[PDB]
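Enquirer: Those protein sequence lines, which keep their order, are chains F, X, 1 and 8. Start counting the first sequence at 35; every next residue gets the next number (PDB author numbering). Start counting the second sequence at 47; every next residue gets the next number (PDB author numbering). Start counting the third sequence at 244; every next residue gets the next number (PDB author numbering). Start counting the fourth sequence at 56; every next residue gets the next number (PDB author numbering). For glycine and all other residues, C-beta sits at the position ideal for the given N, C-alpha and C.
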Amino acid sequence: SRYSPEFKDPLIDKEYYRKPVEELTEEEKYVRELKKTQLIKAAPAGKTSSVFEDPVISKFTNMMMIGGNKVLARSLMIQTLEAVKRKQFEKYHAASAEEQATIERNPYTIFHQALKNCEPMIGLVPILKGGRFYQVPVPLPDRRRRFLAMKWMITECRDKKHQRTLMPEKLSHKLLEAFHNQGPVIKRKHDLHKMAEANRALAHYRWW
Amino acid sequence: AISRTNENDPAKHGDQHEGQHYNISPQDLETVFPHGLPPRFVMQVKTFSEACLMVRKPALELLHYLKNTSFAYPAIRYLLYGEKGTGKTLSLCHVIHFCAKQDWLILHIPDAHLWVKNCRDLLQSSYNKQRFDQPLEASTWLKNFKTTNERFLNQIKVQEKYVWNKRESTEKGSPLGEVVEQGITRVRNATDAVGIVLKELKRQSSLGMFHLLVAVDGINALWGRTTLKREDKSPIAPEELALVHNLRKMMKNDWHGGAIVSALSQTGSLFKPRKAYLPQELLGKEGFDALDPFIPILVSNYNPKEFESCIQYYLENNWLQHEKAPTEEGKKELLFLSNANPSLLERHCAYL
Amino acid sequence: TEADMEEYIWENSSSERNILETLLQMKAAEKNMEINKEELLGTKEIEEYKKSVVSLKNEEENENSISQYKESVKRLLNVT
Amino acid sequence: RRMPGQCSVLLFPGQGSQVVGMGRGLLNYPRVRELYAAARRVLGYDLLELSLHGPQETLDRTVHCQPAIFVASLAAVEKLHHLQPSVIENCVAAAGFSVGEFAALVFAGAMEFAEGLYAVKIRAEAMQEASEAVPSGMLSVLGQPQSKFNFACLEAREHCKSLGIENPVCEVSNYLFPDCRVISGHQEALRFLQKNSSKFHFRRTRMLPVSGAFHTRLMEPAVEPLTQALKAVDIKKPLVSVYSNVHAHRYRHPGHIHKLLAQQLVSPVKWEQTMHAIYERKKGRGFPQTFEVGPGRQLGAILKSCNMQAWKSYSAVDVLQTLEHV
Ligand SMILES: Nc1ncnc2c1ncn2[C@@H]1O[C@H](COP(=O)(O)OP(=O)(O)OP(=O)(O)O)[C@@H](O)[C@H]1O
Ligand SMILES: Nc1nc2c(ncn2[C@@H]2O[C@H](COP(=O)(O)OP(=O)(O)O)[C@@H](O)[C@H]2O)c(=O)[nH]1
Ligand SMILES: [Mg+2]
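Next up, the structure:
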């Protein structure tokens with residue numbers, strides 16, 4: 035790394051700095067005084083103080099990236115969000131007065147809930163001894179399950195069975211399916227939850 | 047509803063209607079604009095279930111010039127110019143909607159760049175073997191010209207005998223609609239049918255039967271270069287296309303009884319850098335010499351009132367779904383990121 | 244296979260021919276019988292028009308020069 | 056040593072590219088009417104009328120399609136010479152698929168129009184005779200990475216061995232691009248393959264509309280007639296590098312074309328290997344221009360599958376219409 039160990043990561047949150055001195059605890063006050071001394075790294079291209087910033091969508095865009103082509107990945111992401119918005123407006127305009135109160139049109143709410151519906155709770159970790167790798171059920175950490183939801187969505191949208199259907203349209207359809215607890219990604223979550231219940235023999239190894 | 051105006055008649059818009067949106071009826075949308083509107087504005091029309099256009103200074107000035115036009119003087123060329131995505135196409139659409147309500151005969155070319163690139167069926171004209179025909183591009187235009195001007199096709203009548211084939215001809219005094227039909231049924235005679243139509247409209251308007259509006263978007267295509275090729279892979283010049291050759295005659299101010307309104311466009315242009323928007327730069331020496339003398343009209347980014355009203359229109363359609371978009375800080379961020387450019391603002395608001 | 248290039252001179256130019264043709268037609272429509280192509284081209288509006296055109300053709304094209312051309316053309320074509 | 060991009064490679068089509076309207080757009084070009092007149096003189100019927108307007112069922116018959124394709128290919132070469140002389144001047148390679156090979160040699164100055172056309176006529180007639188001799192056919196198959204072709208051929212033979220027939224034939228007949236082959240032989244074998252596609256892992260399966268099993272041993276009776284037809288003919292040294300269909304390499308000496316042209320009749324077509332031989336090169340090296348002189352655009356698609364970078368500089372000579380009336 036070109037940065038020394040001294041350099042610390044920056045904090046881009048904009049409302050943190052405006053917190054009044056009165057609300058500061060002695061511990062938070064000490065941390066604020068300590069950051070005064072430290073060297074801080076330059077903020078990387080990416081996250082900003084903008085109010086439309088969304089870390090989850092940024093990570094999804096980075097996971098769709100191929101060959102460092104960030105312009106194309108962000109273009110695909112915004113096309114997907116626009117497509118979800120337009121499809122929900124289409125469904126809302128054709129819906130009855132009493133079905134309009136339950137149609138979500140915010141594409142960000144749909145994206146977040148769709149990814150949340152695809153997160154697994156349990157997974158399997160192989161462990162090595164005796165020459166035989168042993169598959170033990172494990173409760174997945176929050177980071178791991180958030181990553182797996184995104185990876186499953188992107189792999190599902192990269193399947194070659196979707197011939198000439200463009201990625202924004204495939205991804206919007208998959209997101210709207212997962213928003214309603216349907217589709218192949220929810221089934222992939224279920225098939226891991228069942229294949230972890232089929233192997234509860236080694237269910238109590240707590241030291242993966 | 048501070049961003050809307052109840053005056054939906056373009057014959058009565060003025061400086062007090064600046065920045066406000068007026069609604070174009072579905073019937074007007076189907077008749078006047080089968081082909082004119084930008085590809086990304088028809089998406090908004092389909093999603094909002096309504097077509098509302100803002101009133102701006104460019105269109106108001108161009109409407110003032112067209113209300114006080116003298117139909118005895120030679121036709122005056124008005125050229126809309128401005129940076130990319132500043133709204134000159136929708137200004138031209140506002141003017142076309144004004145003229146269509148006043149029973150002008152509309153000659154609307156929605157994008158002239160399509161006639162000089164990506165042509166698959168290119169023929170050699172039987173009328174003149176030194177020119178090339180574009181049947182798919184001429185028959186596509188004839189259908190929409192028929193749609194816009196259905197009423198006049200029976201009132202207007204040709205003044206010469208037109209011979210399509212040894213078997214088939216249009217005899218003097220037949221309604222112009224027949225000519226249009228001959229181009230829509232047999233595409234082989236589409237390009238010949240367009241020229242005849244032009245040759246008629248330019249002549250009869252001089253006689254005073256009707257007023258003619260020649261609306262051409264992306265007019266810089268006519269005096270530039272093409273990306274079409276022969277079978278020997280040699281370049282083709284724009285004047286060798288009959289469809290482009292016949293449309294240049296309309297830009298010359300050798301007829302009266304109408305106006306020629308046009309808009310430049312770098313989008314879709316060939317061999318022009320991205321930041322070229324000025325009249326000479328886009329037109330070329332030949333284009334400027336052809337259009338000279340003409341009245342240039344500048345289209346700029348939104349001023350604060352127009353920008354605020356555009357975001358209020360989007361908020362009224364519930365098109366800004368982010369929770370921070372309605373707030374003042376969200377408006378400042380949209381303003382900075384778009385810099386009040388209508389196209390950038392629309393694209394940013396699309397996915398919020 | 245020599246080639247020659249030079250600056251813009253308004254005289255014997257396409258802009259001169261076009262404006263002369265347009266003004267002859269405007270007079271004909273006005274019903275005036277005034278076809279002297281020196282009387283038509285010796286006004287003060289033609290001086291401003293040729294100044295604007297020569298500027299646009301020889302110097303850089305900016306929006307100020309485009310607006311000067313606009314105003315000269317408007318005065319010549321009786322647009323207000 | 057010219058940079059790749061100035062030189063040109065001419066590809067000649069073969070069986071299956073026939074289409075009604077063939078020849079229009081080539082007649083008014085120089086020297087084509089005389090070629091069709093010579094075709095009349097050699098054949099004994101008016102090829103011109105059949106190609107221009109025919110029922111398509113006479114044109115689909117083996118005795119007629121091959122001479123038509125040969126003549127149309129050479130007419131297209133004439134048209135290309137007229138439009139772009141430099142393309143013909145800077146020619147490095149030539150190749151034909153099944154009968155187009157006979158065209159390529161004629162283009163390369165190894166044979167003449169009359170002798171080549173007579174050879175093609177005898178070939179077509181003999182192949183048709185052998186086709187009536189025993190029922191046979193051709194089937195195009197596109198496979199997956201899990202597909203086994205020789206294996207599928209073995210059970211395709213096991214079925215009709217159980218039925219009972221002398222030395223049943225079912226072998227891969229055309230190598231045209233990766234995982235896409237054409238198998239040839241008895242109908243029952245190809246029928247078995249159609250209904251066991253799923254077991255054999257075939258994505259798509261399509262019977263070729265041909266009379267019989269070309270490029271297999273079933274066409275052994277047609278070898279001897281064509282063989283005789285080539286004895287009188289004196290083949291010269293090809294001027295350009297003409298590539299063979301038996302082993303997919305250049306014809307090196309004239310003393311071996313006689314036997315390779317007859318072995319092709321009962322040998323699988325090595326088209327993929329020919330494309331590799333003509334276009335394979337290091338990444339970043341430029342490719343030559345490619346012209347499909349003849350009807351259709353099939354070889355264009357096959358080249359697209361075989362080598363995309365070579366396909367980027369591909370163009371076809373249109374034989375159904377012309378932009379300018381010469
Ligand atoms: N007068 C207007 N009323 C409403 N929306 C407008 C107006 N002008 C521009 N817009 C918005 O801006 C978008 C782009 O405008 P438009 O197509 O007219 O641009 P343009 O300046 O003609 O662009 P180009 O250089 O690409 O031809 C339109 O789709 C619409 O969203
Ligand atoms: N087939 C056919 N086309 C015609 C006829 N008359 C006009 N046109 C078409 O309409 C256009 C009229 O343009 P025109 O003023 O006559 O210019 P010009 O033909 O080059 O001298 C021509 O380009 C033709 O394509 C006609 O009598 N027969
Ligand atoms: Mg535009």
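Could you confirm whether any beta carbon from chain X is found closer than 8 Å to the beta carbon of residue 142 (chain F)?
Expert: Yes, residue 142 (chain F) counts as interfacial toward chain X.
Enquirer: So what's residue 58 (chain 8) in DSSP terms, helix, strand or just coil?
Expert: The answer is coil: DSSP assigns residue 58 (chain 8) none of H, G, I, E or B.
Enquirer: Could you spell out where the beta strand (DSSP E) holding residue 228 (chain 8) opens and where it closes?
Expert: From DSSP, the beta strand (DSSP E) with residue 228 (chain 8) extends over 225-232.
Enquirer: Look at the alpha carbon of residue 364 (chain X) and the alpha carbon of residue 68 (chain X), and state the distance between them as a whole number of angstroms.
Expert: Using only the alpha carbons, I get a separation of about 18 Å.
Enquirer: Given the structure, does residue 135 (chain X) come close to ligand 3, in the sense that its CB is under 7 Å from one of the ligand's heavy atoms?
Expert: Answer for residue 135 (chain X): yes, Cβ within range of ligand 3.
Enquirer: Less than 8 Å between the CB atoms is what I'm expecting for residue 148 (chain F) and residue 202 (chain F), so what's the real figure, rounded?
Expert: In fact, because the Cβ distance is near 15 Å, the residues do not count as touching under 8 Å.
Enquirer: Please find out if some non-hydrogen atom of ligand 3 comes closer than 7 Å to the beta-carbon of residue 186 (chain X).
Expert: Answer for residue 186 (chain X): no, Cβ out of range of ligand 3.
Enquirer: For residue 323 (chain 1) and residue 144 (chain F), what's the separation of their Cα atoms in angstroms?
Expert: Near 55 Å, if we compare the C-alpha coordinates of residue 144 (chain F) and residue 323 (chain 1).
Enquirer: Flag residue 268 (chain 1) as yes if its beta-carbon sits less than 8 Å from any beta-carbon of chain X, otherwise no.
Expert: Interface residue, yes.
Enquirer: Going by beta carbon distance, what residues of the same chain come within less than 6 Å of residue 172 (chain X), once the five residues before and after it are set aside?
Expert: Nothing meets the Cβ criterion.
Enquirer: Alpha carbon to alpha carbon, how far is residue 168 (chain X) from residue 289 (chain 1)?
Expert: Distance between the alpha carbons of residue 168 (chain X) and residue 289 (chain 1) is about 45 Å.
Enquirer: Closer than 6 Å by C-beta to residue 104 (chain X): which residues in its own chain qualify, once you throw out the five before and the five after it? Chain order, please.
Expert: Only 137, 343, 345 meet the Cβ criterion.
Enquirer: At a cut-off of 7 Å, is residue 313 (chain X) close to ligand 3 when judged by its beta-carbon and the heavy atoms of the ligand?
Expert: It does: the Cβ of residue 313 (chain X) is within 7 Å (strictly closer) of some heavy atom of ligand 3.
Enquirer: Say yes only if the C-beta of residue 245 (chain X) is nearer than 7 Å to one or more non-hydrogen atoms of ligand 5, and no if none qualify.
Expert: Ligands present in the displayed structure are limited to ligand 1, ligand 2 and ligand 3, and ligand 5 is not among them.
Enquirer: Going residue by residue through the segment 271-325 of chain X, where are the continuous alpha helix (DSSP H) segments of at least 4 residues, counting only ones entirely within it?
Expert: Runs found: 288-297.
Enquirer: Could you say which of 319 (chain 8), 246 (chain 8), 62 (chain 8), 71 (chain 8) lies nearest to residue 207 (chain 8) if we only look at CA atoms?
Expert: Closest by alpha carbon: 246 (chain 8).
Enquirer: Beta-carbon of residue 378 (chain 8) versus every beta-carbon of chain X: anything under 8 Å?
Expert: Yes, its Cβ sits closer than 8 Å to a Cβ of chain X.
Enquirer: Answer with yes or no whether the minimum CB distance from residue 118 (chain X) to chain 1 is below 8 Å.
Expert: True, the Cβ-Cβ gap to chain 1 drops below 8 Å.
Enquirer: Comparing C-alpha positions only, which one of 313 (chain 8), 349 (chain 8), 177 (chain 8) sits nearest to residue 71 (chain 8)?
Expert: It is 349 (chain 8) whose Cα lies nearest to the Cα of residue 71 (chain 8).
Enquirer: Which partner residues does residue 125 (chain X) have in the DSSP bridge list?
Expert: Partner(s): 308 (chain X), 342 (chain X).
Enquirer: In whole angstroms, what is the alpha-carbon distance linking residue 128 (chain 8) and residue 273 (chain X)?
Expert: Rounded to whole angstroms, residue 128 (chain 8) to residue 273 (chain X) spans 29 Å at the Cα level.
Enquirer: Does the distance from the C-beta atom of residue 228 (chain 8) to that of residue 323 (chain 8) stay below 8 Å?
Expert: Yes, they are a contact pair.
Enquirer: Taking 7 Å as the cut-off, is the C-beta of residue 365 (chain X) nearer than that to any heavy atom in ligand 2?
Expert: No - ligand 2 has no heavy atom lying nearer than 7 Å to the Cβ of residue 365 (chain X).
Enquirer: Return yes when the C-beta of residue 300 (chain X) is under 7 Å from any heavy atom of ligand 2, and no when it is not.
Expert: Every heavy atom of ligand 2 is 7 Å or more from the Cβ of residue 300 (chain X), so no.
Enquirer: Just checking residue 399 (chain X) against ligand 1 - is the residue's beta carbon closer than 7 Å to any of the ligand's heavy atoms?
Expert: In this structure chain X extends from 47 to 398, so residue 399 (chain X) is not present and cannot be described.
Enquirer: To the nearest angstrom, how far is it from the Cα of residue 156 (chain X) to the Cα of residue 126 (chain X)?
Expert: Computed Cα separation, rounded: 14 Å.
Enquirer: Any Cβ of chain X within less than 8 Å of the Cβ of residue 307 (chain 1)?
Expert: No - not a single Cβ of chain X is within 8 Å of the one on residue 307 (chain 1).
Enquirer: Residues of the segment 288-306 of chain 1 in Cβ contact with chain X at a cutoff of 9 Å, in chain order, please.
Expert: The segment 288-306 of chain 1 vs chain X, Cβ under 9 Å: 292, 296, 299, 300, 304, 305, 306.
Enquirer: Here's the rule I'm using: 16 or more other beta-carbon atoms within 10 Å means buried, otherwise exposed. How should residue 101 (chain 8) be labelled?
Expert: Looking at its Cβ environment, which holds fewer than 16 other Cβ atoms inside 10 Å, residue 101 (chain 8) is exposed.
Enquirer: Out of 82 (chain X), 131 (chain X), 123 (chain X), 141 (chain X), which one is the CA nearest neighbour of residue 55 (chain X)?
Expert: Ranking 82 (chain X), 131 (chain X), 123 (chain X), 141 (chain X) by Cα distance to residue 55 (chain X) puts 141 (chain X) first.
Enquirer: State yes or no: is the beta carbon of residue 81 (chain 8) nearer than 8 Å to at least one beta carbon in chain X?
Expert: No, no contact with chain X.
Enquirer: Given this structure, state the Cα-to-Cα distance separating residue 314 (chain 1) from residue 135 (chain 8), to the nearest angstrom.
Expert: Between residue 314 (chain 1) and residue 135 (chain 8), the C-alpha separation is close to 57 Å.
Enquirer: In chain order, what residues of the same chain have a beta carbon less than 6 Å from the beta carbon of residue 233 (chain X), not counting five sequence neighbours either side?
Expert: Counting only Cβ-Cβ distances below 6 Å, and skipping sequence neighbours, we find 181, 185.
Enquirer: Give a yes or no on whether 8 Å exceeds the smallest Cβ distance from residue 353 (chain 8) to chain X.
Expert: Not one chain X Cβ lies under 8 Å of residue 353 (chain 8).
Enquirer: Is it right to say residue 68 (chain 8) is buried, meaning 16 or more other beta carbons lie within 10 angstroms of its own, or is it exposed?
Expert: Buried, because 16 or more other Cβ atoms sit within 10 Å of the Cβ of residue 68 (chain 8).
Enquirer: Counting beta carbon pairs with one atom in the segment 334-352 of chain 8 and one in the segment 134-149 of chain 8, are three or more of them shorter than 8 Å?
Expert: Result yes; three or more Cβ-Cβ pairs closer than 8 Å.
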